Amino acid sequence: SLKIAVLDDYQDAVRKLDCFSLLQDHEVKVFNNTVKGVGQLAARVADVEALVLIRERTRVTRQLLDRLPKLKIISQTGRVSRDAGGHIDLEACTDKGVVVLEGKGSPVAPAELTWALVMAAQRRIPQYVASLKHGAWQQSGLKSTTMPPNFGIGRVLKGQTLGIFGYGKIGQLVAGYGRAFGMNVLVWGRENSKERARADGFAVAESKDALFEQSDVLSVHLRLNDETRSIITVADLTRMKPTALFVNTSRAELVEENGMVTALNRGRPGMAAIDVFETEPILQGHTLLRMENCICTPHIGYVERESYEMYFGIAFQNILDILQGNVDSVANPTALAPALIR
């Protein structure tokens, strides 16, 4: 019987999941807000032996682990990144003999979310809905002199060009949606992405430059690492059409710092839809939130009922499996060794 904490559950959804009953033999506290800074966070989880993390919402540093003597298990919803950086210091965990348990993820919820944003942006749904609530009939704004003529009006997807930057599992689903809407789908990425795209019957853009020039909607599906940090520059974005939509439900740092705000202010692309920010949560506003030609959602790509059932079901079962000596989900198995060999 462990003291378990689940962090960063803003809408208090975790405790209402069918899978929550998996932890019936344990004492579970779910927190509904985020605390940053080592001191306050260590005091909040001082007695917990098992910590459940929601994706990358909280980072686990050596300095945090120094302040947590009772911690035995970190159970990660979704994948644990082995690369430099990563939101969990695995070596520091291994040093304390804290096991990190790895879950599994799914591309479906964030792919559908990507498309929901494509459709919402191209039809100016948030803008029209908000205007209507304030009494303005059929008004979406977007009528500035710097903007294209009739930019406030909806745009059809059929027969337009969809650029897909990155062809992993999410990119592949979203490319499929494009095809089913009758869009002209072009893919770009590393060599193996191009190969899998060609095998799937998708056209590959001539170059990265060609992707940004030609796309009416450009959507980014890349994992963040040293190769892809700042891979999208202001030069790339300002190559985009004045009527073009830039979509990013991946990671904010894929675009060079302030690059997006900068490009929107220069009028190319014409619109953006984003789900991810450099700093989260955003409680005190953001430049992009005050722009009528940006639609921003609060990192809801994976916030979905079936996704939570699967994600937490696995993270909770992982804790149960470890307590029975099944250590298959351990990311850092050398933390199981005695302190003498550690």
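Residue indices: 1-based, along the sequence shown.
- Higher mean CA temperature factor between 135 to 143 and 167 to 175: 135 to 143, per the PDB entry.
- The deposited model assigns a higher average Cα B-factor to 75 to 83 than to the other stretch when 105 to 113 and 75 to 83 are compared.
- As recorded in the entry, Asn150 carries the highest CA temperature factor of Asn248, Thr238, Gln160, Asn150.
- Ranked against the other modelled residues of its chain, the C-alpha B-factor of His221 as given in the entry falls in the lowest third.
- Among the modelled residues of its chain, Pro269 has a C-alpha B-factor that falls in the middle third according to the deposited record.
- When the modelled residues of the chain are ordered by C-alpha B-factor, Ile322 sits in the highest third.
- Among all modelled residues in its chain, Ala180 ranks in the lowest third by Cα B-factor.
- In the PDB entry, a CA B factor belonging to the highest third of its chain's modelled residues is recorded for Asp66.
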